[PDB]
Amino acid sequence: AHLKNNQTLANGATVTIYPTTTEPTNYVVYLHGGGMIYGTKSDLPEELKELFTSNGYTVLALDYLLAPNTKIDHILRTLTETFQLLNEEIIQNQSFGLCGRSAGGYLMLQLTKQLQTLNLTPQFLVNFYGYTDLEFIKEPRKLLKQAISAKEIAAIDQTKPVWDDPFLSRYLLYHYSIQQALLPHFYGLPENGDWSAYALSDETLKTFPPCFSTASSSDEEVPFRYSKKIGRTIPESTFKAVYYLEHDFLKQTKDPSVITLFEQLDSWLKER
């Protein structure tokens, strides 16, 4: 039956499936935002989900593990595992694209590199203000003006694995770690600052499938040069800027700039 439904995979990851009206179908795997510390596959905007399903892509909105509970190296390994199970059960070697929101864009690009090794290349990629390395988190950022206290985050568990944060309850932990300079520690990044293992080279990006890439010039959370590189260094790719908006502009799908960008994405999807 073609109804939105959740499925749990062998390793405990769950996926929310939004079927198209027809069979056979193609697929897009969606990776949510939240800095790899908070958030949920449920953040997928209705309008973005529709851009995919109306174009014949069943959307697979996928869980991934969250830091500091699970370190980035492990999050990435588990994501590859999860994709392989998702392909076993649902995609079944049919064509698929990937779509990533902020940290989800980084995850998508890292997954892509790993999938090439398993003979599972995506047909295309859609990057909403992601990134290709973690260097930018070394730079000071002021994202929340008010200082978050230890008390306000004391109740958030950092120990046990977490597949989903459906009510964004871990949002403060993310911003706390930023304000307290703990984000690299939360992520498990090398203390010596050599994060080359976490970076994608231009060489690597040049081997990737076509990407539609977009970010706001006014993004204070991820420098939008990343999305320029992603849409320009990957061959046969497109970069579309939006101007004067906050980082996570998928929160504002009714904004005229975002409406225009969705028209651009729709047109680009129709050329796959």
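Per the PDB header, the entry is named "Crystal structure of an alpha/beta hydrolase superfamily protein from Enterococcus faecalis".

Student: Would you take a moment to explain the state of the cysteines for this structure?
Tutor: Covalent bonding between the sulfur atoms of two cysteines defines a disulfide. Counted according to the given criterion, the structure contains 0 disulfides. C211 forms no disulfide, and the closest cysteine sulfur to it belongs to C99, at a distance of 9.4 Å. Accessibility expressed as a relative area gives 0% for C211, which makes it buried.

Student: Hey, could you run me through helix α3 (residues 103-117) in this one?
Tutor: Here α3 spans 22 Å end to end across 15 residues, near enough to the 21 Å set by a 1.5 Å rise per residue. When you tally the buried positions in α3, you get 11 out of 15 residues, the bulk of the element. Among all positions in α3, only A103, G104, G105, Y106, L107, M108, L109, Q110, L111, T112 and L115 are buried. Buried residues in α3 make contact with β3 (26-31), α2 (72-91), β5 (96-101), β6 (125-128) and α7 (225-233). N119 lies just past α3 and shows a positive phi near 55°.

Student: What exactly am I supposed to notice about helix α1 (residues 46-53) here?
Tutor: Those residues of α1 that sit buried are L48, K49, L51, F52 and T53. Each element contacted by the buried residues of α1 is listed here: β2 (14-18), β3, β4 (57-62), β5, β6 and α8 (256-270).

Student: Is there a simple way to think about the pattern of salt bridges in this case?
Tutor: A side chain with one charge may pair with a side chain of the opposite charge, provided their charged atoms come close. Applying the stated rule across the entire model yields 12 salt bridges. Between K41 and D164 there is a salt bridge, with the nearest N and O atoms lying 3.7 Å from each other. Residue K41 is located in the loop between β3 and α1, and its partner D164 is located in the loop between β6 and α4 (171-179); the two are separated by 123 residues in the primary sequence. A relative accessible area of 4% places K41 in the buried class.

Student: Is there a simple way to explain empty space enclosed by the protein in this structure?
Tutor: Empty space among the atoms becomes visible once a probe the size of a water molecule is rolled across them. If you walk through the whole model with that rule in mind, you get 1 cavity of 30 Å³ or more. Its boundaries defined by the atoms lining it, the largest cavity holds a volume of some 30 Å³. Lining the largest cavity are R141, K142, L143, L144, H175, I178 and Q179. Taken together, the residues of the lining of the largest cavity break down into 3 nonpolar, 2 polar and 2 charged.

Student: Got a minute to help me understand the packing of α1 against α8 in this structure?
Tutor: Working note: a packed helix pair is described by the angle between its axes plus the distance between those axes. Contact geometry for α1 and α8: axes closest at 10 Å, N-to-C directions at 20°. It follows from the interaxial angle that α1 and α8 lie roughly parallel. Considering how the two elements wind past one another, α1 and α8 form a crossing that is right-handed. From α1, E47, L48, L51 and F52 reach across to α8, where they touch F262, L265, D266 and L269. Its residues assigned to classes, the contact of α1 with α8 shows 6 nonpolar, no polar and 2 charged.

Student: I tried to follow the layout of surface pockets on my own but got confused; where do I start?
Tutor: Roughly 520 Å³ of internal volume is contained in the largest pocket. What lines the largest pocket is a set of 29 residues, and nearest its centre among them are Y38, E221, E246, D248 and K251. Counting residues per element, the ones that place at least two in the lining of the largest pocket are α4 and α5 (183-187). Here the element with the most residues in the lining of the largest pocket is α4; it accounts for 3 residues. Split by residue class, the lining of the largest pocket holds 12 nonpolar, 9 polar and 8 charged. In this structure, the second largest pocket occupies an estimated 270 Å³ of space.

Student: Would you explain the side chain of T82 in this entry?
Tutor: Here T82 is to be found in helix α2. Separated by 3.0 Å, the side chains of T82 and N11 make a polar contact. Those residues in contact with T82 that sit more than four places away from it in its chain are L9, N11, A13, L62, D63 and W163.

Student: What's the story with the sheet that holds β5 in this structure? I'm lost.
Tutor: Strand order across the open sheet formed by 8 strands is β1-β2-β4-β3-β5-β6-β7-β8, with mixed pairing between neighbours. Whereas interior strands pair on both sides, the edge strands pair on one side only; in this sheet they are β1 (5-8) and β8 (238-242). Along the sheet, successive strands turn relative to each other by an average axial angle of 20°, direction set aside. Relative to β5, β3 runs parallel, the two sharing 5 bridges. Residue pairing for β5: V29 is matched across the bridge by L98. Here α3 sits on the sheet in contact with β3, β5 and β6, set at roughly 145° to β5.

Student: What is the right way to read the nonpolar core from this model?
Tutor: Inside soluble globular proteins, nonpolar side chains tend to come together where they are buried. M36 and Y187 are the most contacted members of the largest nonpolar core, which has 62 residues in total. Residues within four places of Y187 in sequence aside, it is in contact with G35, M36, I37, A67, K71, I72, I137 and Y174. With 29 residues, the next largest nonpolar core counts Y18, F124, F224 and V242 among its residues.

Cut-offs used in this document
- Residues numbered from 1 in each chain as written, not as in the entry; some residues may be left out.
- Heavy atoms only, no water.
- Disulfide = S-S within 2.5 Å.
- Buried < 20%, exposed > 50% of the residue type's maximum accessible area, 1.4 Å probe, protein only.
- Helix = DSSP H or I, 4+ residues; strand = E, 2+ residues; numbered from the N terminus.
- Expected span 1.5 Å × (residues − 1).
- Contact = heavy atoms within 4.5 Å.
- Salt bridge = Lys/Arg side-chain N within 4 Å of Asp/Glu carboxyl O.
- 1 Å grid on protein atoms, 1.4 Å probe; cavity = no way out; pocket = protein on both sides within 12 Å on 5 of 7 lines; lining within 4 Å.
- Points joined across faces, edges and corners; volume = space filled by probe spheres on them.
- Nonpolar A, V, L, I, M, F, W, Y, C, P; charged D, E, K, R; others polar.
- Axes fitted to C-alpha atoms, helices over the stretch in contact; angles between N-to-C directions.
- Parallel < 35°, antiparallel > 145°, perpendicular 65-115°, else oblique.
- Left-handed = near helix turned anticlockwise from the far one by under 90°.
- Polar contact = N/O pair within 3.5 Å; in protein donor to acceptor, adjacent residues only side chain to side chain.
- Pairing = 2+ DSSP bridges.
- Core = buried A, V, L, I, M, F, W, Y, C linked by side-chain atoms within 4.5 Å.

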